[PDB]
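Engineer: Once you've had a glance at the structure underneath, I'll fire off some questions.
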There are 2 protein chains.
Amino acid sequence: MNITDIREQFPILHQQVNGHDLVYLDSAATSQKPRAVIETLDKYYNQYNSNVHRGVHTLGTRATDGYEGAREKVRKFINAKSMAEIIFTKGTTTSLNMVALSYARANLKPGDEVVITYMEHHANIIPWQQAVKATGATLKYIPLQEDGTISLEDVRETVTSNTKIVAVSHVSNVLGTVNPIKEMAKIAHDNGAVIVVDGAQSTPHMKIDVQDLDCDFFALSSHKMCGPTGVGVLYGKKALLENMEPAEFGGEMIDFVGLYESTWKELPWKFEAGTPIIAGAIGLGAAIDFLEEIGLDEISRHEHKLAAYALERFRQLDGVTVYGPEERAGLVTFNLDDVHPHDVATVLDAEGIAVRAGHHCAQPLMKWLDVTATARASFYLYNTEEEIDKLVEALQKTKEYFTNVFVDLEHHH
Amino acid sequence: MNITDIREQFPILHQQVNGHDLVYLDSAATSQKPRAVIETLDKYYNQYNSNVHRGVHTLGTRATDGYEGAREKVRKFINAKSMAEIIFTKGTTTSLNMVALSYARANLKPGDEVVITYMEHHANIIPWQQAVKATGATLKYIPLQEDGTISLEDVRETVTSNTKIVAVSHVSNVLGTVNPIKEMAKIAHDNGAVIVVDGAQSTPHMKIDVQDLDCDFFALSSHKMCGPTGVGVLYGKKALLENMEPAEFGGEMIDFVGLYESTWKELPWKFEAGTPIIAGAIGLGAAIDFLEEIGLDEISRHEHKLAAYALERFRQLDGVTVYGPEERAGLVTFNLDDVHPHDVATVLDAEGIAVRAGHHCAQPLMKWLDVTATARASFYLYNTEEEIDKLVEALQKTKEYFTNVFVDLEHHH
Ligand SMILES: Cc1ncc(COP(=O)(O)O)c(/C=N/[C@H](CS)C(=O)O)c1O
Ligand SMILES: Cc1ncc(COP(=O)(O)O)c(/C=N/[C@H](CS)C(=O)O)c1O
C-alpha cells in the first residue's frame, strides 16, 4: 500500500489553503474522491446518460446495465446474499428513516422496546424517537463504560423479551469505538428482536460482511467512502424487506396502478420510487472497485497505524483530552483545556489544516462526555503520519498562542 | 438562439449508435447535460468538496457557500419569495411524497377529499392513494375532455368544500397538455383547499413563477432540466412548511436532541436530514444558470416550433395515432396501427433514434386512452427539425417493414 501513489489519485489534496499545503483531516465529515470516481461520473454524463429500466434504446440499456451493475458491486462488497437486499437511497440517514417508517412503525405496539445507545449519531436516534411516539412503544438506552465502549453484559441487561429492535452504530463517529455488532446481533435475536446497524463510519474503513455480522439491516453513505454525494445503501435481509411496505410511492416501484389501489414491484425496486440516483450509484460502484483494488484490510491496517501514532502524539501534549478507547478506528476527538474547539478549528485552518468542531450530530453523547462541543481530526487512506505531526505541532502552537494572549490580556487589565 | 452552438455544448450528442448518428428524442425520460454542468461537478470534486454548514475550514466554507448559493439560484429561477421555501430533495417523486406524508396525512380526516386527474403520473397518484387510505379520506378524479385537456368547469364541479388538496400536473409527460394551473389554484383556494403542482415536465421547458401561479407546493427534478441525477426541489409556501413536521429525521435538521425528544431547525433545513446532495445541488444551480443564459422563453419558443412541426409531419403518416391536444409542450406520444410500440422503439434505435415505449408511469391514463402502451418522442433545446424528419421517415419505413413482413408471412402460410 503506497500512500504517495494513492494520494496522486486525489486531485483535491494538491493545493494550498491560507498559503500552506492543505492537510485534510476531516474524512469522517466527508471523504475526498480519486480520479477513478470523478472520471466515472464524467464518462456517464459525456457518453451514456439516459433513464433506466424498460431499455429500448442503446444509451438507455448502457445506463441501466451501469446502474444495476453497481447494485451487484455493492452486494458483493458487503457480502449480501442477493441484489434484492440492496436498496439505493440518498444516504445512511434516509436508509435508517426507511427502517423506522416501514419496519418499526408497522411492528411496534405499547410495551415493545427499541433499544439504542448513548453514543448514537442523531440519524440513529431521532427516527426511533418518532417511531416509538407514533406507536406508543418505549425507547431505552444501553449505557456506556467509562472509556466509551459497550459491555455485552449491559446489552444483555438492557435488551429484554419485549425488545423488538436494537439499533447501534458499527463505529462511533466521535469515540472511534468499534462496537461488537456480531455479538449484539446474537443477543437481539435471542430476545426475538432485529438489529439495525448504522455502518456510515465503518463501511469506508474496514471490510463489511453482513452474513458474518448477521445484522438484519445495515445502512451506509457513499460520500464517506470515496463515492459521490447524495447516495447511500440500505441492506436488509430479504425476508424482512419482503414483508415491509414501501416508504415512498410513485413510478418504477409499482406493478399495477388502478384509480384507488396499486401493487408493488419485487425487491429491490419496491423501495426505489421514481428516477433513481443513476450517476451517483454508478460512481459509488467505481468507488467500491477502487477501494477493493487497494484492499479494505490494507486500509484498516494503515488507519490502525495512524490512530496508534496519533494517540501517542496527543499524549505528548499537555492540556489536551482525547475521548473514547485506546483501540479505535481512524479518528481522534479531543478538546484543548481552556480553548473552545471552534477556535481550535479556526486557527488550524489558518495553517492549512481542516478538522471539524461541534457536537458531530451526537448531542446525548456530548452530554455524557460532560462537554458542549469537541474538535475532531479523522483520517483515511490518503493521510500520513507527517500530517498528524503537523496537527500536533499546530495544537501545541495554538495552546501557546492562547496562553500568551491570555497572559498579555491579564497583565493589561 | 442558435441550435448549432447549443448542441456543441452537449458532448453526448456527438456519437453514433448502430452505425448512425445518434438522434436523442427521449428528454422527457431524462435530459442530456452541457459541459457547463459536468465541469461544475468536476470542479466541485477536484477542488472544494467538503461537508457543509458549521464551516470552520476553508474548503467546508466554499462547499457550504456553493450549496446555499445554489438554493438562492433555485429561489430566483421559480420566483419564490424566500430560500426558506426551497427544499432540496432527491427528485419530484420524493418531493410529492413529502407533501403527502407531512401535509396530507396531518390534515385529512374522514369526509375530506384529495382531488387529482386521470392524466397524472404515478408519483402524483400513489402517495395520495396511500395518504387517503391512512386517514380514511376520499380520493376523487377530475375527468378529461376528449382531446386530453381539463375543463375549468369540471374542476369546479369536482372540487368541493370538503376538498383539502387538489394535486395536478403542470404539463403532462404523455399528452403534452399544459394545464391551467393558475386558474385551478383559484378554484382550490375558493374551496378552502391547497394545490400541489407536479412541475417535473414544465420546469425544464418554460418559465415558472410560483407567485403568479399561486401554487401552494411545486415539485421538480434536476435530471429533466440539464442538471445532475438524484436531485430535485420541493417548493412550498413558507406558512404551510412552517406548520408541517419533517418527513425524515436525523442530523442537520435539529436544534436540540435529548434522549426522548428533539426540536427542529428553522426552514428550509428542517426538511433536509443528514449530509445533503451537495455536488448535485451545485450542479443543478449550474444548469439553471445555463438555461437562464439561453432564456426559458426562447427554449419554449423553440419547442413550440418543433412540436408544431412534428404534429404536422405525423399527420402526413398514414396508420399513426397521436394522443392529446394540438396546443402542447415539446413531445408527441403515439402508436402505429398494428405495430407494438416496443417494437417501434427497437427498430428506431437500430436507426440511431432513441424514443421511449410503455405506459410512461401513467397507467390510469393509458386505460383512459384505451391502449396498453404507447411510444413517445420528446424534444428539448438541443433537438432540431432535421431530427424530427429522421423520426417520421423511420416511422414510415417501420410501417412498410412490418406491412412487408406480414404480407410475406401470410403468403408463406
Ligand atoms: C456514525 C454515523 N452515522 C450516520 C451518519 C449520517 O450519515 P449521512 O449524513 O451520510 O446521512 C454519520 C455522518 N456523520 C457526520 C457527517 S457524515 C460526521 O461525523 O461528521 C455518521 O458518522
Ligand atoms: C409529469 C411527471 N411527473 C413526475 C415524474 C417523476 O419524476 P422523477 O422520476 O424525476 O421523480 C415524471 C417523470 N416521468 C418519466 C421519467 S422522468 C417519463 O416521463 O419518462 C414526470 O414526467
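We name chains A, B, ... following the order of the C-alpha cells; residues begin at 1 in each chain, and ligands are numbered from 1 as shown.
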Using only C-alpha atoms and all ligand atoms, find each residue with an atom at most 6 Å away from ligand 1 and format the answer as a VMD selection string.
Structural biologist: (chain A and resid 28 to 30 91 to 93 121 123 169 172 to 173 198 200 to 201 221 360) or (chain B and resid 274 to 275)
Engineer: So that I can see what lies close to residue A:361, please list as a PyMOL selection string the residues with an atom at most 12 Å from it, counting only C-alpha atoms and leaving out residues fewer than 5 positions away in the same chain.
Structural biologist: (chain A and resi 28-29+93+119-126+172-174+356+366-367+372-374) or (chain B and resi 54+249-258+273-275)
Engineer: Only residues of chain A matter here; which ones have an atom within 7 Å of chain B, counting only C-alpha atoms? Give them as number ranges by chain.
Structural biologist: A: 11-12, 17, 29-30, 32-33, 38, 42, 45-47, 49-51, 56-58, 93-94, 97, 122-123, 126-127, 129, 229-230, 248-251, 257-261, 273-274, 276-279, 345-346, 349, 354, 356, 361, 363-364
Engineer: Rank nothing, just name the residue among B:219, B:3, B:317, B:405 nearest to ligand 2, using only C-alpha atoms and all ligand atoms.
Structural biologist: B:219
Engineer: Skip residue B:333 itself and residues of its chain fewer than 4 positions away, then list as a list in words all residues within 6 Å of it, counting only C-alpha atoms.
Structural biologist: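 My reading of the contact set: residues 174, 322, 323, 375 and 376 of chain B.
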Engineer: Take the residues just selected and output them with N, CA and C atoms as a compact mmCIF listing (two decimals), in the first residue's frame.
Structural biologist:
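Everything below was put into selection_16.txt:
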# COMPACT_ATOMS: atom_id res chain seq x y z
N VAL B 174 -47.32 12.70 -21.08
CA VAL B 174 -47.78 11.81 -22.16
C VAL B 174 -48.57 12.60 -23.21
N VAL B 322 -51.79 10.07 -32.82
CA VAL B 322 -51.10 10.90 -31.81
C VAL B 322 -52.15 11.20 -30.74
N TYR B 323 -51.78 11.14 -29.43
CA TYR B 323 -52.75 11.37 -28.36
C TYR B 323 -52.58 12.77 -27.80
N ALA B 375 -45.75 4.85 -27.77
CA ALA B 375 -44.37 5.27 -27.99
C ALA B 375 -44.35 6.80 -27.81
N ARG B 376 -43.19 7.34 -27.37
CA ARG B 376 -43.18 8.79 -27.13
C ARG B 376 -41.82 9.31 -27.66
Engineer: If we count only C-alpha atoms, what is near stretch 308-313 of chain A at a cut-off of 9 Å, once residues fewer than 6 positions away on the same chain are taken out, given as a ChimeraX atom specification?
Structural biologist: /A:322,326-328,330-332,385,388-389,392
Engineer: Distance atom CA of residue B:222-atom CA of residue B:242, one decimal place?
Structural biologist: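 Distance reported for this atom pair: 24.7 Å.
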Engineer: Would you mind telling me which residue in A:245, A:153, A:289, A:272 lies nearest to ligand 2 when using only C-alpha atoms and all ligand atoms?
Structural biologist: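 Between A:245, A:153, A:289, A:272, the residue approaching ligand 2 most closely is A:272.
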Engineer: What are the DSSP strand (DSSP E) residues of stretch 135-204 of chain A, as number ranges by chain?
Structural biologist: A: 138-142, 163-169, 194-198
Engineer: For each of B:294, B:282, B:395, B:178, take the minimum atom-to-atom distance to residue B:341, counting only C-alpha atoms, then give the residue where this is smallest.
Structural biologist: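 Of B:294, B:282, B:395, B:178, the one nearest residue B:341 is B:395, counting only C-alpha atoms.
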Engineer: Please identify all polymer residues within 6 Å of residue A:196, counting only C-alpha atoms, omitting same-chain residues fewer than 5 positions from it, and present them as a list in words.
Structural biologist: residues 167, 216, 217 and 218 of chain A
Engineer: Give me the residues within 8 Å of residue A:82 as a short mmCIF file (atom, residue, chain, number, x, y, z; two decimals) with C-alpha atoms, in the first residue's frame, counting only C-alpha atoms and dropping any in the same chain fewer than 4 places off.
Structural biologist:
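Below is the file that was written, out_6.cif:
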data_model
loop_
_atom_site.label_atom_id
_atom_site.label_comp_id
_atom_site.auth_asym_id
_atom_site.auth_seq_id
_atom_site.Cartn_x
_atom_site.Cartn_y
_atom_site.Cartn_z
CA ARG A 75 -23.91 -6.73 -2.93
CA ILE A 86 -29.50 -3.90 -1.71
CA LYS A 238 -34.67 -10.32 2.10
#
